Amino acid sequence: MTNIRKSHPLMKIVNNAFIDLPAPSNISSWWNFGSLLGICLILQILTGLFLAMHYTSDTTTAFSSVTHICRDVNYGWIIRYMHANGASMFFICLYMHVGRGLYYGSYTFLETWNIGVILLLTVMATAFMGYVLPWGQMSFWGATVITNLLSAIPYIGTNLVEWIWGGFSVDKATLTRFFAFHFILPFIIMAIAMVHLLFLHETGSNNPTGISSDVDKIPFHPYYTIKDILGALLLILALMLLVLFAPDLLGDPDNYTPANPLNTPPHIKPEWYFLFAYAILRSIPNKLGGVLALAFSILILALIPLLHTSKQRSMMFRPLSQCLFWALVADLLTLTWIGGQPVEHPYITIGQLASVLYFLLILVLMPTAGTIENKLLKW
Amino acid sequence: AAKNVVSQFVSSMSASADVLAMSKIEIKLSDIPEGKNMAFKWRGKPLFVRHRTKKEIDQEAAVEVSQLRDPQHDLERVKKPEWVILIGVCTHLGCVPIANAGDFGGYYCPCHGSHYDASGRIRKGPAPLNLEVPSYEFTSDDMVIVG
Amino acid sequence: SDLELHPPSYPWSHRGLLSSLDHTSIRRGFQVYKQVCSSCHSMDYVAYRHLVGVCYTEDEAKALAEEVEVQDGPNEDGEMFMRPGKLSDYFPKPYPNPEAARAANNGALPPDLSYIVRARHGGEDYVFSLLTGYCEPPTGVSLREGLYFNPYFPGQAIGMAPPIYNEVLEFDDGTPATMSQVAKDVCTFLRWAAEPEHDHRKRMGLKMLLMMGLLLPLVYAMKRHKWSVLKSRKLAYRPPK
Amino acid sequence: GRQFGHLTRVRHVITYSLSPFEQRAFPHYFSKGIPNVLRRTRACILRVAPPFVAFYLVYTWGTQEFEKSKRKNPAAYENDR
Amino acid sequence: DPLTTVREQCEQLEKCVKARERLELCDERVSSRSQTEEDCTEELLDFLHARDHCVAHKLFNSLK
Amino acid sequence: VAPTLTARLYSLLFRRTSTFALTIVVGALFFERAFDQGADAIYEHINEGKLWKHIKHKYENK
Amino acid sequence: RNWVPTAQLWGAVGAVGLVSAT
Ligand code: HEC
Ligand code: HEM
Ligand code: HEM
Ligand code: FES
């Protein structure tokens, strides 16, 4: 080699991971979420830093500071809204990435998947703290309710909850901590994302068919750079449509009411992204049984691999699998609906059956369906 | 697309509706009778406005440039002979000069003995450099805008 | 667990994606707040900055601003010797501090109207329907005097004096002061206080839609330009066999 | 490790491809899609659609009840008696 | 002025006339005991709902 | 024969990427301005007299 | 060679870019 820019600098060779990388030809449009997933995280960061550049992390000011951001600071209003709606997109994308892992069995990539779960839980921590940042009625009561949930742990819990908060309630100390954690988390996240990339770069992508495509590879640059760009255009279009014409639409919580430490959230609930878990949680009478089964909703993901039963890592050729896959998605939809529901009979009995359904689908139904399909094919 | 995006992001650092307003917000009436040294609260410090007298001007014009502790010919501070605008904080250890006091027809620092001539100019005491002159334009005859 | 008749979906002049605020309404509705409301409810994030957002001049609002500082002045803020002039001062707090407020209204605490439309669930539709909604207690019902009965309050009661009644105030131009006509103007000025950026935003939406209607179709082209090679491709398998 | 010349072995396979510039990006824009979009949607629909349909019934019923039981403040037990 | 006329019109439509009957009864069909739980609200809300839907569309063309 | 509009455009401006960039730089400029002018107008037409621009007359210089 | 011409158009581009952009 001489004057082959890419290999010359060693650092620049490391970037050919986005150009000369063998990329499956056939490849649904559900493969852009990965790339979108990463634009999201840069978008937040950017935007964020800017918000952090005029935000104050105190009980007295926080709401004011937010409020100042979207009134007297130039373009501080979109940036903030862009930031808030950003985080809806980052989750919307997130669930698309996973739906695909589930469906095409990308999670066959044992190690890559694991880091995916880690990533997924790491964004969840960040979205849970930042919401607290503005210090609105919704944020103030959900932070209390969720961290106190933790006090379900028998021996420690209680002491714990207090250390997290840094007091007996959620006053200054608490708020200042979330700011710092919110801040550095995403930088920690970016390292992970990159380790995630690292492991996948050893095996390549999977595809609709569910068969090796080494016989059919394609240079990433020519194709997929255009595809990614277009997907980003579509991504940005959804974010701005929502930011510019439906600002809070998606932001269910109307609570732009500074948090008064003794009031009534009629129906307090995490934002959309966490309703599944919430629902899941209420269905249990006992509070410790709810937390464990709150944790398991999300962690279940780390066992999928070990639940895979078929010989076709691709659900694509497997109809009974497809049907339950979709169900669980609609079950999951149903669970999010419960999330905004009053605590009552109708919603309780429904949510209860939906939780059962949800673990049944992942724990027992699908696996059986796997074997059945394999027997039908005489495999 | 990139042009607006980028230029919105950048603007968000430049100033603020809030900080802006208050920054240059200052006007004055013409009530200051030759003699008295009014005083305004502008930008979190003291804003001294002194209407002056032919006598004043005349004498202040005739200080020697060559010997001043902070050499700076009267005639270059004020934009109008008749009016002198200053910042009301002693350039020593930060007390506030006293209007028309001390041994010099100016102001007086009741903290270490710091004497100021009518211009701003240090003429006795540790005080280093002369009282500093804000930026401002005279608008119509009755209007003066500090900042 | 009382039904709430929150459903209102009030017709509006800015209901549409491209639809913008009517400042004359904003203007009107401001006066409404100032005369009818200023008394008990505050608007803290509201500076006297209507000028361009409300069509009040700088000289206009300076003067409007000035009298509000002369009578409610910085003397209720703690500027002992402050009077007319200033523009960075925010709308005067009806009372020195919250606790008082609730006393003047007997335990209730008059909500800052700044964000009302954006805060409570249901936006300017509910606010309009509350103010304009006051009907006769229901057969068999009892009411403490402060507990006026309002058809759209969660708990089916509110501590709200005659919010707005006919000929409560008078506008400059002559706009017919009807309870409702006044409410339509009051809400509007509220919408804007909640979201100042309402008009910029929707203009931006226009430019983001047109632009995107040029880039989505272009960039799709670009995508078929390149891909064409692959999608047009044809295969052939020829073993020696 | 090199990814491009070490992926696999292929023997006896000829492929024929043309340049972008000699070709058109959008051959039968709508006459291909329509029937392709139609044909795959109709093979999706059965697999996909159902569980969402069911969620909609559950939604509908489920909210009905709620508003009744609660709105039907007399539902549980009557007035007269 | 405006608001007050439109309201009436609204309650003059066959579906307003029809569901005002549930109001009319309850408003007087309460017994002796006056079972506080007999609160006439439910029935009222229904009326109000339909009155207002109507109101809104027409009432709007009448203001400034 | 003459070159299609495209071919003319092509051989004048796109052969050399230096010219191609230049073009893009200048068109990015010209385009902003018409877009804004047009787009703004469009918008302002939809809310006639709703915006201060339309309403400054009432309290302006007597 | 062709560098002057090309450097000249490249210099143009940066110029107009700043000017406008900025
Ligand atoms: C003093 C008297 C006033 C005046 C002039 C206005 N309001 Fe209103 N208001 C007042 C009190 C004491 C309360 C508390 C009610 C309670 O806790 O039961 C309220 C309440 C409201 C609400 C209700 C929202 C809610 O709590 O769900 C709204 C929307 C409201 N006030 C708005 C409002 C507007 C727009 C006014 C001017 C036209 C207005 N109020 C006047 C006391 C007073
Ligand atoms: C990367 C993952 C991130 C997620 C999921 C995320 C999400 C959020 C959310 C949901 C909010 C609440 C805002 C609201 O609804 O009012 C918020 C606020 C905030 N975020 Fe982020 N954010 C992320 C990254 C960052 C980063 C990297 C920074 C700065 C380095 C940051 C700084 C802030 C600040 C200062 C606020 C408070 C002001 C506001 O409410 O907008 N965030 N974030
Ligand atoms: C910060 C969050 C994440 C980022 C930035 C990210 C990024 C990416 C990128 C860029 C790709 C390559 C393109 C693609 O395959 O779509 C990818 C693939 C993949 N991701 Fe992630 N991802 C994230 C979250 C997750 C999560 C939560 C999971 C699972 C829990 C996951 C599992 C996978 C798997 C299994 C693949 C490869 C599947 C295949 O292509 O065969 N990722 N990811
Ligand atoms: S503060 Fe002025 S002489 Fe000391």
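Definitions and cut-offs
Residues numbered from 1 in each chain as written, not as in the entry; some residues may be left out. Chains lettered and ligands numbered in written order. Part of a larger assembly, values for the part shown. Heavy atoms only, no water. UniProt positions renumbered as here; feature names shortened; annotations may be inferred. Axes fitted to C-alpha atoms, helices over the stretch in contact; angles between N-to-C directions. Helix = DSSP H or I, 4+ residues; strand = E, 2+ residues; numbered from the N terminus. Parallel < 35°, antiparallel > 145°, perpendicular 65-115°, else oblique. Left-handed = near helix turned anticlockwise from the far one by under 90°. Contact = heavy atoms within 4.5 Å. Nonpolar A, V, L, I, M, F, W, Y, C, P; charged D, E, K, R; others polar. Core = buried A, V, L, I, M, F, W, Y, C linked by side-chain atoms within 4.5 Å. Buried < 20%, exposed > 50% of the residue type's maximum accessible area, 1.4 Å probe, protein only. Domains from an automatic or database assignment. Near = heavy atom within 4 Å. Polar contact = N/O pair within 3.5 Å; in protein donor to acceptor, adjacent residues only side chain to side chain. Disulfide = S-S within 2.5 Å. Donors = N, O, S within 2.8 Å, 3.2 Å for Na, K, Ca; no water. Tetrahedral: all angles 85-135°; square planar, octahedral: opposite > 155°, others 65-115°. Buried area = accessible area lost by both parts, 1.4 Å probe. Salt bridge = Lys/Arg side-chain N within 4 Å of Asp/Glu carboxyl O. Pairing = 2+ DSSP bridges.

Chain F has the name CYTOCHROME BC1 COMPLEX in the PDB entry, where Bos taurus is given as its organism. The title assigned to this entry in its PDB record is "CYTOCHROME BC1 COMPLEX FROM BOVINE". In its Subcellular location section, the UniProt entry covering chain F states "Mitochondrion inner membrane". The heading Sequence similarities in the UniProt record of chain F holds the text "Belongs to the UQCR10/QCR9 family."

Labelled according to the PDB entry, chain D appears under the name CYTOCHROME BC1 COMPLEX, originating from Bos taurus. Quoted straight from UniProt, the Subcellular location entry for chain D says "Mitochondrion inner membrane".

Tell me about the packing of helix α11 (residues 287-299) of chain A against helix α14 (residues 345-376) of chain A, and please be specific about residues and values.
Residue and element names in this part refer to chain A. Relative orientation of the contacting elements α11 and α14 amounts to 45°, with a least axis distance of 11 Å. When the axis of α11 is compared with that of α14, the two are oblique. The handedness of the crossing between α11 and α14 comes out as left-handed. Residues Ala293, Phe296 and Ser297 of α11 pack against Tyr358, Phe359 and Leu363 of α14. In the contact of α11 with α14, the residues fall into five nonpolar, one polar and no charged.

Describe in detail the nonpolar core, supporting the description with residues and values.
Ranked by size, the top nonpolar core spans 112 residues in total, and within it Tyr224(A) and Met240(A) carry the most contacts. A total of 13 residues in this core trace back to one element, the largest contributor, which is helix α4 (residues 76-104) of chain A. Formed jointly, this core draws a minimum of three residues from each of two domains, domain 1 (1-196) and domain 2 (197-241) of chain C. Those residues in contact with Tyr224(A) that lie beyond four places of it in its chain are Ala23(A), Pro24(A), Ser25(A), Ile27(A), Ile218(A), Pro219(A) and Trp227(C). The next biggest cluster of nonpolar side chains, apart from the first, holds 58 residues, and it includes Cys37(C), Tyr56(C), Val127(C) and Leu190(C).

Now, about the packing of helix α7 (residues 198-232) of chain C against helix α2 (residues 17-46) of chain F: what can you tell me, with residues and values included?
Two elements in contact, α7(C) and α2(F), have axes separated by 10 Å at closest approach and are oriented at 125°. Compared by their axis directions, α7(C) and α2(F) come out oblique. The two elements α7(C) and α2(F) meet at a crossing, and its hand is right-handed. Where α7(C) approaches α2(F), its residues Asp199(C), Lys202(C), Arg203(C), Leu206(C), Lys207(C), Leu210(C) and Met211(C) are matched on the opposing element by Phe31(F), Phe35(F), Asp36(F), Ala39(F), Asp40(F), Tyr43(F) and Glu44(F). Taken together, the residues of the contact of α7(C) with α2(F) sort by class into seven nonpolar, no polar and seven charged.

Could you give an account of the site of ligand 3, naming the residues involved and the relevant values?
Residues and elements named next belong to chain A. Close to ligand 3 lie 23 residues; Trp31, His97, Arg100, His196 and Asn206 are nearest. Within the side chain of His97, a nitrogen or oxygen atom sits 2.6 Å from a nitrogen atom of ligand 3. In this structure, a nitrogen atom belonging to ligand 3 sits 2.9 Å away from a side-chain N or O atom of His196. Only α2 (33-52), α4, α5 (110-130) and α8 (172-200) provide two or more residues apiece to the shell around ligand 3. For the shell around ligand 3, the leading source of residues is α5, giving six residues. Residues belonging to the shell around ligand 3 are distributed by class as follows: 13 nonpolar, nine polar and one charged.

How would you summarise the site of ligand 1 if you had to cite specific residues and measurements?
All names here are of chain C. Not every one of the 22 residues close to ligand 1 is listed here, only the nearest: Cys37, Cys40, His41, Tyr126 and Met160. One of the side-chain N or O atoms of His41 is found 2.4 Å from a nitrogen atom in ligand 1. Between ligand 1 and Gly159 there is a distance of 3.3 Å, counted from an oxygen atom to a backbone nitrogen or oxygen. Ranked by the residues each element gives to the shell around ligand 1, the list is headed by helix α5 (residues 123-131), at four residues. Tallied by class, residues from the shell around ligand 1 come to 17 nonpolar, four polar and one charged.

I'd like a rundown of the state of the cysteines, residues and numbers included.
Residue and element names in this part refer to chain E. The tally for this structure, following the rule as stated, stands at three disulfides over all chains. A disulfide bridge connects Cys10 with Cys54, and the sulfur atoms are separated by 2.0 Å. Note on the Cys10 and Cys54 pair: the S-S dihedral is about -75°, so by sign convention the disulfide is left-handed. In this pair, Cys10 sits in helix α1 (residues 2-10) while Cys54 sits in helix α4 (residues 41-59), placing the two residues 44 residues apart along the sequence. The same class applies to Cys10 and to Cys54, which are both buried. The thiol sulfur of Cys16 is not disulfide-bonded, and the nearest other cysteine sulfur, from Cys54, lies at 6.8 Å.

Describe the coordination of the iron atom of ligand 3, with residues and values.
Geometry reference: four tetrahedral donors at a metal, ideal angle 109.5 degrees. Six octahedral donors, ideal angles 90 or 180 degrees. Residues and elements named next belong to chain A. Note on the iron atom of ligand 3: its protein donors are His97 (NE2) and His196 (NE2). The metal-donor distances range over 2.1 Å. Classification of the site at the iron atom of ligand 3 as octahedral follows from its six donor atoms and the range of 80 to 175° in their angles at the metal. Here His97, found in helix α4, pairs with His196, found in helix α8; they are 99 residues apart in sequence, far enough to count as distant. Of the residues examined, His196 reaches a relative accessible area of 16% and is grouped as buried.

Please give an account of the coordination of the iron atom of ligand 1 that cites residues and values.
Residue and element names in this part refer to chain C. Here the iron atom of ligand 1 is held by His41 (NE2) and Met160 (SD), and the distances to it run 2.0 to 2.4 Å. Classification of the site at the iron atom of ligand 1 rests on its six donor atoms, whose angles at the metal span 75 to 179°, yielding the label octahedral. Of this pair, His41 sits in the loop between α1 (23-37) and α2 (51-54) while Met160 sits in the loop between α5 and α6 (179-194), placing them 119 residues apart in sequence.

Give me the lowdown on the interface of chain C and chain A, citing residues and values where you can.
Across the boundary between the two partners, chain C contributes 38 residues, which contact 33 residues of chain A. Taking both partners together, chain C and chain A bury about 3,100 Å²; carbon and sulfur atoms supply 67% of that area. When the area that chain C buries against chain A is broken down by residue, the three leading residues are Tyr45(C), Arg118(C) and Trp227(C), summing to 21%. Where chain C packs against chain A, one counts two salt bridges. Across the pair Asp72(A) and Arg49(C) runs a salt bridge, and its minimum N-O distance is 2.2 Å.

Can you lay out the sheet that holds strand β4 (residues 107-109) of chain B for me, pointing to particular residues and giving the numbers?
Residue and element names in this part refer to chain B. Strand order in the open sheet formed by three strands is β4-β5-β6, and the pairing between neighbours is antiparallel. The sheet terminates laterally at β4 and β6 (122-124), the two strands that pair on one side only. The average angle at which neighbouring strand axes cross in this sheet is 30°, direction not considered. Here three bridges tie β4 to strand β5 (residues 114-116), and the two strands are oriented antiparallel to one another.

Got a sec to walk through the UniProt feature "transmembrane region" in chain F? Specific residues and values, please.
The feature "transmembrane region", as given by UniProt, occupies residues 21-46 of chain F in the numbering adopted here. Overall, residues 21-46 of chain F shows 100% helix and 0% strand. The separation of its end C-alpha atoms is 37 Å.

So what about the arrangement of the chains? Which residues, and what values?
The pair of protein chains exhibiting the most contacts, out of 11 pairs of chains in contact, is chains A and C. The two units chain A and chain E never meet; even their closest C-alpha atoms stay 20 Å apart. Separated in space, chain D and chain F share no contact, their closest pair of C-alpha atoms being 13 Å apart.

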